[PDB]
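Take a look at the structure set out below.
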Amino acid sequence: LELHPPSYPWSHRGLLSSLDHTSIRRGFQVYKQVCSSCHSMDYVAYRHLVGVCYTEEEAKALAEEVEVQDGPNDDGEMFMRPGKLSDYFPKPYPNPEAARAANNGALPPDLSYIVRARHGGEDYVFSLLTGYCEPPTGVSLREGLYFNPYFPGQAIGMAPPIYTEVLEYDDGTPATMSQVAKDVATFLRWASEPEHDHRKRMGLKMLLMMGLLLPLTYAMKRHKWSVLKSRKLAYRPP
Amino acid sequence: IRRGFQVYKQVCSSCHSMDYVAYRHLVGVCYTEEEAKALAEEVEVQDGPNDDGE
Amino acid sequence: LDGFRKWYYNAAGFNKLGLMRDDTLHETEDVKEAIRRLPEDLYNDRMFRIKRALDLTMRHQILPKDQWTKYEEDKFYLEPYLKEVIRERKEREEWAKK
Amino acid sequence: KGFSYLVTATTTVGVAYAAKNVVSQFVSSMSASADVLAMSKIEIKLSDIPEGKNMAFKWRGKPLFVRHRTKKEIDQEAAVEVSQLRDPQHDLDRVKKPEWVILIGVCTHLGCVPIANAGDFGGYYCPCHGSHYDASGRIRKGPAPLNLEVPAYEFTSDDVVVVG
Amino acid sequence: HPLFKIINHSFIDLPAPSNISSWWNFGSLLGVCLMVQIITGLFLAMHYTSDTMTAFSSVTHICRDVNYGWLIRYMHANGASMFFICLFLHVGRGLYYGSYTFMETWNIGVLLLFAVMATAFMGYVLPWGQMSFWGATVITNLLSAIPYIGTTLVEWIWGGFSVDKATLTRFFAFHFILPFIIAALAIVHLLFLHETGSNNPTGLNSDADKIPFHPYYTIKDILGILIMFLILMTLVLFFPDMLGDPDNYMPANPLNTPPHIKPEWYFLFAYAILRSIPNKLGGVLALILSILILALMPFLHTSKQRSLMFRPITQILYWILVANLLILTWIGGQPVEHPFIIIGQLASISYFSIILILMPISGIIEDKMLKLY
Amino acid sequence: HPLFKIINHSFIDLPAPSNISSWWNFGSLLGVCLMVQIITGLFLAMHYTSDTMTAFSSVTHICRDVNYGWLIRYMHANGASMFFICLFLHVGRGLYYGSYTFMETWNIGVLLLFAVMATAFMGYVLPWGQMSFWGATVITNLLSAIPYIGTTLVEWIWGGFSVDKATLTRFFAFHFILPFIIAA
Amino acid sequence: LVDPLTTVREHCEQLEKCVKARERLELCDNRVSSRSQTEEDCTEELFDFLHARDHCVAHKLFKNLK
Amino acid sequence: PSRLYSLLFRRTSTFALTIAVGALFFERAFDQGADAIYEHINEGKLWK
Amino acid sequence: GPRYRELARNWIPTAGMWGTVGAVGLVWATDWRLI
Amino acid sequence: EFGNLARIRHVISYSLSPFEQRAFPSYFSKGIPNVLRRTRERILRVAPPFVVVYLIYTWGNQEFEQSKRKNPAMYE
Ligand code: HEC
Ligand code: HEM
Ligand code: HEM
Ligand code: HEM
């Protein structure tokens with residue numbers, strides 16, 4: 001028994017509709033300033049951004065903005081260096097348990113594939129992040145819990161992380177809770193499928209090529225099968 | 001083989017690494033189960049996370 | 001029962017391809033022995049009817065309604081010849097048990 | 001004939017003996033690797049769990065449920081009809097301590113993890129096919145064939161439990 | 001030339017019936033799908049690692065860093081789905097048109113079906129997601145049914161107390177090696193058929209009307225290949241995650257279990273049957289029979305007509321069989337609760353009673369209506 | 001049975017010369033060796049991992065922890081050596097007795113010889129020892145000799161600037177798949 | 001700044017379909033008030049109300065959103 | 001046009017040459033045209 | 001019928017012998033100690 | 001193989017060259033009538049069963065929900 005998030009009119013919902021890359025950039029900013037404290041985008045590395053919403057040198061900037069340790073040194077373990085374009089996003093709580101502790105038993109789930117891993121993810125995400133409503137009568141959430149009608153059980157350890165104007169969008173687009181939830185849902189989506197755009201272009205070329213090739217192959221088949229389909233049989237007993 | 005394992009244990013172990021050989025492999029070759037258990041419990045592991053991922 | 005058999009004969013649909021009932025029998029060993037014992041003209045009509053039905057199924061067509069096989073008209077030609085094959089077949093079998 | 005065939009029969013046994021041996025060693029290969037067998041090790045801390053709570057340490061690659069029970073919890077499980085139980089095993093029969101119950105989390109049915117603190121028997125519930133286990137881990141409702149297994153643990157202290 | 005002799009015999013100068021419909025395309029599609037799977041599987045094998053620490057990481061590395069690696073992975077997954085679609089339609093063609101009287105071809109077929117199901121099961125275990133691990137455990141513990149031989153056998157496949165790395169690696173080896181055995185069994189399948197030739201939808205002896213295959217059923221197979229490629233790509237490039245499951249995008253957690261667990265669509269009909277029988281063993285057996293009942297099918301043919309083109313009552317029973325097969329596919333999806341269970345129990349009873357009892361009795365009645373019986 | 005005919009056409013009622021010596025055994029031995037290799041290879045594949053961090057560790061785990069895993073591994077290695085011994089004696093029989101006048105059989109043979117050499121090379125790369133890595137670089141470098149497209153081809157096969165994990169994994173896939181092509 | 005959602009919500013919220021839904025929830029809320037000593041809750045009522053509300057909001061939140 | 005048949009379709013060799021050459025250029029045209037479409041459809045959303 | 005009965009009675013003894021071989025074979029191969 | 005497949009007699013068979021005949025003679029001219037002819041010939045033997053399927057499906061879903069629905073008398 002769970003609330004089933006509704007269908008939202010996403011800009012990538014259509015059959016050939018790509019992602020809005022400004023929204024992916026804003027959602028990456030939302031993840032960097034809010035979501036990165038507990039969740040780990042393990043499978044997304046700074047380099048990945050180049051080509052989507054940040055240019056090579058631009059990405060380098062972001063990369064240079066983090067300290068990543070280099071374990072093997074002549075005699076030492078870690079002089080975290082300026083993270084590079086080859087470095088993956090920095091996971092908070094190096095060990096899972098660490099977070100468990102920090103989040104009161106909860107383990108923020110790595111949001112790299114969250115949208116893909118959650119049924120109706122994009123919607124779910126938006127709903128969960130925006131579904132922090134009032135608990136009803138009779139409910140008795142355990143210590144360190146909050147109430148979201150969507151989350152399985154309606155008892156997500158995650159406290160509501162998006163308060164209106166939680167962070168300021170560099171683009172200046174008003175940082176309303178929603179504008180922030182929609183941006184981070186687009187970004188997480190991108191994260192779970194960096195190739196969304198490239199694919200849809202392949203699908204458009206595939207539809208054009210099949211629309212060219214199916215009637216022509218049908219015409220060749222009907223040529224080579226007309227002979228028989230016109231064959232007239234006659235029985236002429238002597 | 002038992003005497004040569006002693007040698008490693010005392011003299012050559014501090015600098016060389018017998019990574020692919022474990023205390024389990026010795027049982028039934030040079031030592032019994034309790035002797036190899038004592039040999040393993042003399043040595044100490046230092047890793048593996050804890051409740052704090054510690 | 002006679003009218004309901006005519007309705008089932010129309011619902012079976014092999015008359016729309018111009019086939020007889022005995023054309024639709026699955027060729028087992030006894031059926032092939034009965035077909036081999038047919039006279040030449042009946043065998044030739046059966047092969048032409050089967051070929052015409054295969055051609056009509058190829059073009060996904062049926063015969064015009066005046067050319068269909070009337071239930072009353074269908075002739076069970078292979079039947080007489082078949083019974084014998086079965087009779088002979090059974091006789092040999094019982095004798096085997098002897 | 002008996003001389004020539006005896007040689008055929010002799011040879012056969014020999015081949016047969018080698019063939020069983022070769023085939024046997026391969027089957028043994030697919031069997032547990034020495035390392036995998038070396039997992040009989042395990043440790044727990046009684047203080048870790050308070051009454052009315054379950055805890056697992058993935059012992060031997062499977063959830064090692066370790067739970068503490070309440071006066072009421074312990075009271076009901078005893079009240080449960082052992083004979084009427086799907087699997088006759090009175091709560092205490094599976095626990096050295098009434099306040100302390102330890103179980104392995106593999107549904108007798110198809111091997112999922114029972115979910116603690118859920119179900120119609122205040123013990124466990126397996127979201128796979130609806131098997132409800134009581135606090136004793138006894139299958140009470142559903143299609144699970146037998147009660148959850150109780151590993152042969154060791155109560156060295158009221159604070160430390162070797163599961164052994 | 002020896003080879004050309006063989007070539008000309010199975011694909012060019014092979015006498016084929018002139019009136020076979022588009023359903024006869026499907027088996028050739030299956031062969032193409034097999035090659036496609038093998039090719040895509042080979043290009044998954046150059047980057048996949050069968051280690052429980054690195055299997056999910058290798059799959060994400062394929063999707064994110066290998067050039068067009070997402071394309072090859074989702075082509076492999078949706079090609080497995082397309083393989084099972086074409087397999088089900090091939091089996092339905094064989095059931096409807098009386099092609100099971102080619103008994104050796106039918107038995108090699110049901111062996112191929114068992115091999116393909118085992119290959120797809122271990123392949124779905126291979127990405128080591130949450131859903132793969134709990135699916136493997138569940139489907140394997142099923143083997144734990146057998147009283148004396150079962151338990152040990154399970155851990156034998158599990159290669160340990162519970163599925164863990166030991167399993168993943170041997171499942172990678174099997175899943176690699178079985179499609180080549182499937183290809184060899186398909187060669188035996190083609191041989192056992194050319195000895196008898198293909199059947200036609202009328203079910204009659206088509207010896208009077210046979211045509212070559214090169215210009216007539218080759219361009220037809222090419223057109224069917226093109227249409228099947230249109231459906232696959234439009235199920236990869238536009239709807240890539242339609243047939244999959246979202247919980248497989250989480251890493252395998254032995255401590256948690258996906259709340260809603262279900263086999264993939266193709267394995268559901270069986271899933272329903274298994275769940276239906278109360279007894280564990282009963283379920284396993286019925287499950288097996290579900291597939292095996294087909295093999296049993298050539299001994300249940302009691303009609304004097306091979307095909308169902310001229311047999312309307314057995315046509316109605318056949319479409320009721322397809323109907324409750326779809327019902328069993330739906331039920332498997334539904335969770336355990338009223339009234340999904342009862343439907344499952346009935347649907348299984350109706351499935352076995354239609355295949356075992358109702359169709360031969362109906363064939364006897366149909367023979368009685370034509371004054372044959 | 002239609003299948004039985006094939007057996008009685010290639011192994012039972014096949015008319016063979018009465019005077020062929022023991023050298024004519026060798027080709028059948030090669031077929032047996034092929035099966036043996038495939039069987040042993042399958043039982044190496046249930047525990048081998050094609051990762052450069054874990055390939056040597058998996059090979060040592062096969063030799064030390066899998067029950068009779070040392071037996072299957074050394075049977076695989078010495079069966080590759082036995083395969084090449086029987087292959088060389090088969091080719092020497094074909095050269096000595098004028099069997100190369102069966103030209104199509106000879107050409108399918110030399111194709112099989114090329115495939116077996118490629119399979120053994122990538123298989124020797126597979127345990128990821130010191131000798132395997134330097135051996136691979138060497139022969140992969142052989143390709144660079146190509147006058148114009150050499151560099152690209154080498155890099156393609158390597159899958160990167162220099163042999164590294166990229167190679168090992170694709171060499172595992174190719175070494176797995178080629179003995180079935182050899183069987184066909 | 002006013003989150004567009006609030007606006008959209010208000011609109012769909014004002015709808016009677018929803019209003020009475022909320023009211024049904026209210027009766028439920030009250031039931032639990034008087035029937036305070038029970039285990040009956042209003043979760044189910046809560047969800048159905050929301051499903052309606054959100055469905056509508058969702059129908060109309062993205063337009064306002066930028 | 002009967003020039004086609006005589007110049008392009010008639011000799012298999014010629015029949016081929018035209019196919020290969022056309023295909024060589026078709027890609028250029030198809031990619032270009034297709035890209036124009038794709039982009040426009042989502043003109044607003046793309047890096048630039 | 002009677003003839004097939006004679007055949008069965010004549011081959012069943014042989015068949016039992018074959019089963020016996022299998023018993024030894026299966027057991028020996030299974031190394032089932034119960035036997 | 002061909003030549004030894006079957007024995008027919010006096011069955012003449014006329015045909016035309018592919019390039020000499022229209023590729024899609026009356027394709028939609030008679031195709032539609034025929035497709036329609038065809039469907040009415042099997043529709044009564046195909047759809048009826050699946051209709052009932054849609055029905056069971058629906059009834060099943062609704063019934064389940066009702067089961068989940070809280071019993072009014074429950075707790076009251
Ligand atoms: C200080 C703690 C904290 C902050 C800040 C936080 N989260 Fe979380 N989040 C969690 C915890 C803890 C969980 C897992 C709790 C659970 O599943 O019960 C979680 C889970 C999630 C899930 C998956 C829930 C599920 O059902 O698996 C999503 C999606 C998510 N968070 C998104 C966000 C977004 C977007 C932000 C900010 C823009 C955010 N989180 C900020 C603690 C946090
Ligand atoms: C590996 C998947 C399979 C493939 C690739 C395959 C392929 C084929 C092909 C190409 C044919 C020739 C018919 C044609 O193409 O027109 C065929 C015929 C047949 N197949 Fe399959 N098949 C598969 C699975 C099965 C299964 C599982 C069964 C049994 C249920 C089966 C039963 C048959 C039968 C009875 C025929 C003869 C029917 C006829 O040609 O008239 N096949 N198969
Ligand atoms: C020799 C032939 C084949 C090879 C080498 C092969 C190889 C692989 C590999 C390495 C994977 C894991 C990578 C991944 O899952 O993304 C995989 C996954 C898979 N394979 Fe195969 N495969 C082969 C044939 C088949 C066949 C015949 C089927 C269908 C029965 C199949 C179905 C699958 C499925 C369902 C998956 C999991 C897809 C998923 O992750 O969602 N494969 N295959
Ligand atoms: C499909 C069948 C085969 C499979 C699955 C297979 C699999 C493997 C695997 C997993 C290894 C790595 C473990 C090891 O070091 O031995 C390996 C190594 C090897 N394979 Fe294969 N193999 C196959 C066929 C062959 C064949 C036909 C040859 C001979 C031409 C061959 C020659 C080798 C060699 C020389 C090694 C390296 C042995 C060593 O470590 O010293 N393999 N094979």
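In the structure tokens, the first chain shown is A, the next is B, and so on; residue numbers restart at 1 for each chain, and ligands run from 1 in the order shown.
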
Could you pull the residues within 10 Å of region 18-28 of chain B, counting only C-alpha atoms, minus those fewer than 6 positions along the same chain, as a list in words?
residues 1, 2, 5, 8, 34, 35, 36, 37, 38, 39, 40 and 41 of chain B; 34, 35 and 38 of chain D; 57, 60, 61, 64 and 65 of chain F

Could you turn the residues from that selection into a file that holds C-alpha atoms, as a PDB file, in the first residue's frame?
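selection27.pdb written:
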```pdb
ATOM      1  CA  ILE B   1      58.286 -27.483   6.317  1.00  0.00           C
ATOM      2  CA  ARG B   2      57.349 -26.814   9.956  1.00  0.00           C
ATOM      3  CA  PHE B   5      57.666 -21.894   8.576  1.00  0.00           C
ATOM      4  CA  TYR B   8      59.758 -17.093   8.162  1.00  0.00           C
ATOM      5  CA  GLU B  34      44.762 -25.776  17.792  1.00  0.00           C
ATOM      6  CA  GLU B  35      48.458 -25.104  17.073  1.00  0.00           C
ATOM      7  CA  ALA B  36      47.603 -23.191  13.893  1.00  0.00           C
ATOM      8  CA  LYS B  37      44.812 -21.392  15.773  1.00  0.00           C
ATOM      9  CA  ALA B  38      47.334 -20.269  18.410  1.00  0.00           C
ATOM     10  CA  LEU B  39      49.763 -19.236  15.645  1.00  0.00           C
ATOM     11  CA  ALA B  40      47.025 -17.184  13.977  1.00  0.00           C
ATOM     12  CA  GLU B  41      45.918 -15.579  17.245  1.00  0.00           C
TER      13      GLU B  41
ATOM     14  CA  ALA D  34      38.348 -24.135   0.832  1.00  0.00           C
ATOM     15  CA  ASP D  35      38.089 -20.447   1.607  1.00  0.00           C
ATOM     16  CA  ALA D  38      36.372 -21.089   6.413  1.00  0.00           C
TER      17      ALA D  38
ATOM     18  CA  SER F  57      44.687 -13.744  -7.052  1.00  0.00           C
ATOM     19  CA  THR F  60      46.219 -18.659  -6.906  1.00  0.00           C
ATOM     20  CA  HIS F  61      42.761 -19.180  -5.372  1.00  0.00           C
ATOM     21  CA  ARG F  64      45.113 -23.328  -3.420  1.00  0.00           C
ATOM     22  CA  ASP F  65      41.457 -23.260  -2.308  1.00  0.00           C
TER      23      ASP F  65
END
```

Can you tell me, as a PyMOL selection string, what residues are no more than 8 Å from residue 120 (chain D) when counting only C-alpha atoms, ignoring any on the same chain fewer than 3 positions away?
chain D and resi 123+125+132

Pick the closest to ligand 1 from A:192, A:230, A:103, A:140: which is it, counting only C-alpha atoms and all ligand atoms?
A:103

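Considering only C-alpha atoms and all ligand atoms, the residues that reside within 6 Å of ligand 4 can be listed as residues 34, 37, 38, 41, 42, 44, 45, 48, 73, 76, 77, 80, 116, 119, 120, 123, 124, 126, 127, 176, 177 and 179 of chain F.
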
Given the selection you just returned, output its residues as a file containing N, CA, C and O atoms, formatted as a CSV table (one decimal), in the first residue's frame.
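Final output, saved to part_33.csv:
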```
chain,number,residue,atom,x,y,z
F,34,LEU,N,41.0,-31.0,-27.8
F,34,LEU,CA,40.1,-29.9,-27.9
F,34,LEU,C,39.0,-29.9,-26.8
F,34,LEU,O,38.9,-29.0,-26.0
F,37,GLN,N,40.5,-29.5,-23.4
F,37,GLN,CA,40.8,-28.1,-23.1
F,37,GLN,C,39.5,-27.4,-22.8
F,37,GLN,O,39.5,-26.7,-21.7
F,38,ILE,N,38.5,-27.6,-23.6
F,38,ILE,CA,37.2,-26.9,-23.4
F,38,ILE,C,36.6,-27.2,-22.0
F,38,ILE,O,36.3,-26.3,-21.2
F,41,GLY,N,38.8,-25.7,-19.5
F,41,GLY,CA,38.6,-24.3,-19.6
F,41,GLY,C,37.3,-23.9,-18.9
F,41,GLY,O,37.3,-22.8,-18.2
F,42,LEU,N,36.3,-24.7,-19.1
F,42,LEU,CA,35.0,-24.3,-18.4
F,42,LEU,C,35.2,-24.4,-16.9
F,42,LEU,O,34.7,-23.5,-16.2
F,44,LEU,N,37.9,-23.8,-15.4
F,44,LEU,CA,38.7,-22.6,-14.9
F,44,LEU,C,37.8,-21.4,-14.9
F,44,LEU,O,38.1,-20.4,-14.2
F,45,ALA,N,36.7,-21.4,-15.8
F,45,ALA,CA,36.0,-20.1,-15.9
F,45,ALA,C,35.0,-19.9,-14.8
F,45,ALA,O,34.5,-18.8,-14.7
F,48,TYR,N,37.8,-18.0,-12.4
F,48,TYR,CA,38.7,-17.0,-12.8
F,48,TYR,C,38.0,-15.7,-13.0
F,48,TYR,O,36.8,-15.6,-13.4
F,73,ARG,N,43.9,-26.7,-13.5
F,73,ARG,CA,44.7,-25.7,-14.1
F,73,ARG,C,45.9,-26.3,-14.8
F,73,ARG,O,46.2,-25.9,-16.0
F,76,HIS,N,44.9,-28.0,-17.9
F,76,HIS,CA,44.7,-27.1,-19.0
F,76,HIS,C,46.0,-26.6,-19.7
F,76,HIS,O,46.1,-26.6,-20.9
F,77,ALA,N,47.0,-26.3,-18.9
F,77,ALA,CA,48.2,-25.8,-19.4
F,77,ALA,C,49.0,-26.9,-20.2
F,77,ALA,O,49.4,-26.7,-21.3
F,80,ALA,N,47.2,-27.8,-23.4
F,80,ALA,CA,47.6,-26.9,-24.5
F,80,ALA,C,48.9,-27.3,-25.1
F,80,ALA,O,49.1,-27.3,-26.3
F,116,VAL,N,44.1,-21.8,-33.5
F,116,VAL,CA,44.7,-22.4,-32.3
F,116,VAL,C,45.8,-21.6,-31.7
F,116,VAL,O,45.9,-21.5,-30.5
F,119,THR,N,44.4,-18.6,-30.0
F,119,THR,CA,43.7,-19.0,-28.8
F,119,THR,C,44.8,-19.2,-27.7
F,119,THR,O,44.6,-18.8,-26.6
F,120,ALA,N,45.8,-19.9,-28.0
F,120,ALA,CA,46.9,-20.2,-27.0
F,120,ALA,C,47.6,-19.0,-26.6
F,120,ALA,O,48.0,-18.9,-25.4
F,123,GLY,N,45.3,-17.1,-24.3
F,123,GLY,CA,45.2,-17.9,-23.0
F,123,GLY,C,46.4,-17.8,-22.2
F,123,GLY,O,46.3,-17.7,-20.9
F,124,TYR,N,47.6,-17.7,-22.8
F,124,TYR,CA,48.8,-17.5,-22.0
F,124,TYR,C,48.9,-16.1,-21.4
F,124,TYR,O,49.5,-15.9,-20.4
F,126,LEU,N,46.2,-14.6,-20.3
F,126,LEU,CA,45.1,-14.6,-19.3
F,126,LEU,C,45.5,-14.7,-17.8
F,126,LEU,O,44.9,-14.0,-17.0
F,127,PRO,N,46.5,-15.5,-17.4
F,127,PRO,CA,46.8,-15.5,-15.9
F,127,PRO,C,47.4,-14.2,-15.4
F,127,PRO,O,47.5,-14.1,-14.1
F,176,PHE,N,37.8,-17.3,-24.7
F,176,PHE,CA,36.6,-18.2,-24.4
F,176,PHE,C,35.9,-18.6,-25.7
F,176,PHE,O,35.6,-19.8,-25.9
F,177,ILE,N,35.8,-17.6,-26.6
F,177,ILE,CA,34.9,-17.9,-27.7
F,177,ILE,C,35.5,-18.6,-28.9
F,177,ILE,O,34.9,-19.4,-29.6
F,179,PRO,N,37.7,-21.4,-29.2
F,179,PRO,CA,37.6,-22.9,-29.4
F,179,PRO,C,36.3,-23.5,-29.9
F,179,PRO,O,36.3,-24.5,-30.5
```

For a test of reading the model, state the distance in Å between CA of residue 21 (chain G) and CA of residue 129 (chain A), rounded to one decimal.
23.9 Å

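Excluding residue 80 (chain A) itself and same-chain residues fewer than 3 positions from it, the residues having an atom within 9 Å of it are residues 66, 67, 68, 69, 70, 71 and 83 of chain A, counting only C-alpha atoms.
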
Within 7 Å of ligand 1 (only C-alpha atoms and all ligand atoms), residues as a PDB file with C-alpha atoms, in the first residue's frame:
```pdb
ATOM      1  CA  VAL A  30      21.387  21.564  -5.915  1.00  0.00           C
ATOM      2  CA  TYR A  31      23.145  18.215  -5.387  1.00  0.00           C
ATOM      3  CA  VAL A  34      22.515  20.171  -0.453  1.00  0.00           C
ATOM      4  CA  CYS A  35      22.427  16.491  -1.410  1.00  0.00           C
ATOM      5  CA  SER A  37      26.361  15.949   2.448  1.00  0.00           C
ATOM      6  CA  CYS A  38      24.646  12.567   2.860  1.00  0.00           C
ATOM      7  CA  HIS A  39      24.273  10.933  -0.565  1.00  0.00           C
ATOM      8  CA  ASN A 103      21.650   9.824   9.530  1.00  0.00           C
ATOM      9  CA  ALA A 106      19.480   5.503   7.679  1.00  0.00           C
ATOM     10  CA  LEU A 107      21.808   5.114   4.757  1.00  0.00           C
ATOM     11  CA  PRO A 108      21.204   7.801   2.188  1.00  0.00           C
ATOM     12  CA  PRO A 109      20.945   5.777  -0.967  1.00  0.00           C
ATOM     13  CA  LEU A 111      21.584   8.849  -5.917  1.00  0.00           C
ATOM     14  CA  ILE A 114      18.059   6.510  -7.796  1.00  0.00           C
ATOM     15  CA  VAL A 125      11.827  11.835  -6.354  1.00  0.00           C
ATOM     16  CA  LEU A 128       9.218  12.547  -1.932  1.00  0.00           C
ATOM     17  CA  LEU A 129      11.235  15.728  -1.817  1.00  0.00           C
ATOM     18  CA  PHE A 151       8.149   6.920   0.821  1.00  0.00           C
ATOM     19  CA  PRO A 152       7.567   3.232   1.477  1.00  0.00           C
ATOM     20  CA  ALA A 155       8.688   6.908   7.332  1.00  0.00           C
ATOM     21  CA  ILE A 156      11.812   8.208   5.655  1.00  0.00           C
ATOM     22  CA  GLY A 157      14.776   8.902   7.880  1.00  0.00           C
ATOM     23  CA  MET A 158      15.741  11.717   5.546  1.00  0.00           C
ATOM     24  CA  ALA A 159      14.610  14.981   6.978  1.00  0.00           C
ATOM     25  CA  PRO A 160      13.074  17.392   4.489  1.00  0.00           C
ATOM     26  CA  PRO A 161      16.131  18.820   2.725  1.00  0.00           C
ATOM     27  CA  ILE A 162      14.582  21.458   0.491  1.00  0.00           C
ATOM     28  CA  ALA A 181      12.986  19.664  -6.718  1.00  0.00           C
ATOM     29  CA  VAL A 184      17.348  17.941  -8.984  1.00  0.00           C
TER      30      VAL A 184
END
```

Using only C-alpha atoms, which of E:361, E:336, E:20, E:356 sits nearest chain J?
E:336

To test your reading of the structure, identify every residue in region 25-209 of chain A that backbone DSSP assigns to helix (DSSP H, G or I), and report it as an MDAnalysis selection string.
chainID A and resid 25:33 35:37 46:49 56:64 96:102 114:117 121:129 152:154 177:192 196:209

Test item: residues lying within 8 Å of ligand 2 with only C-alpha atoms and all ligand atoms, as a ChimeraX atom specification:
/E:20,23-34,83,87-88,90-95,99-103,105-114,116,182-183,186,189-190,193,197-200,294-295

Contact residues around residue 219 (chain A) with only C-alpha atoms at 10 Å, ignoring same-chain residues under 6 positions, as a list in words:
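The contact residues come out as residues 213, 225 and 226 of chain A; 23 and 24 of chain J.
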
Write the residues of the selection above to a file with N, CA and C atoms, as a PDB file, in the first residue's frame.
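Output saved as result17.pdb:
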```pdb
ATOM      1  N   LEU A 213      12.958   2.355 -45.266  1.00  0.00           N
ATOM      2  CA  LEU A 213      13.361   1.015 -45.686  1.00  0.00           C
ATOM      3  C   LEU A 213      12.245  -0.021 -45.651  1.00  0.00           C
ATOM      4  N   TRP A 225       7.121 -11.836 -55.006  1.00  0.00           N
ATOM      5  CA  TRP A 225       6.002 -12.685 -54.610  1.00  0.00           C
ATOM      6  C   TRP A 225       4.771 -12.410 -55.439  1.00  0.00           C
ATOM      7  N   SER A 226       4.828 -11.443 -56.339  1.00  0.00           N
ATOM      8  CA  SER A 226       3.737 -11.208 -57.262  1.00  0.00           C
ATOM      9  C   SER A 226       3.643 -12.383 -58.206  1.00  0.00           C
TER      10      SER A 226
ATOM     11  N   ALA J  23       2.970  -3.762 -59.233  1.00  0.00           N
ATOM     12  CA  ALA J  23       3.468  -4.239 -57.948  1.00  0.00           C
ATOM     13  C   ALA J  23       2.361  -4.431 -56.921  1.00  0.00           C
ATOM     14  N   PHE J  24       1.449  -3.472 -56.826  1.00  0.00           N
ATOM     15  CA  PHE J  24       0.388  -3.557 -55.832  1.00  0.00           C
ATOM     16  C   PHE J  24      -0.977  -3.496 -56.485  1.00  0.00           C
TER      17      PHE J  24
END
```

Residues within 7 Å of ligand 3, counting only C-alpha atoms and all ligand atoms: report them as a PyMOL selection string.
chain E and resi 34+37-38+41-42+44-45+48+59+73+76-77+80+83+116-117+119-121+123-127+172+175-180+244

Report, in Å with one decimal, the straight-line distance from CA of residue 147 (chain A) to CA of residue 58 (chain G).
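Separation between CA of residue 147 (chain A) and CA of residue 58 (chain G): 20.1 Å.
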
Quick check: residues of chain I within 8 Å of chain C, only C-alpha atoms, returned as a PyMOL selection string.
chain I and resi 1-4

List the spatial neighbours of region 102-113 of chain F as a ChimeraX atom specification - criterion: any atom at most 12 Å away, only C-alpha atoms, same-chain residues fewer than 4 positions off excluded.
/E:1-3 /F:27,30-31,34,83-84,86-88,90-91,93-95,97-98,117-120,178-184
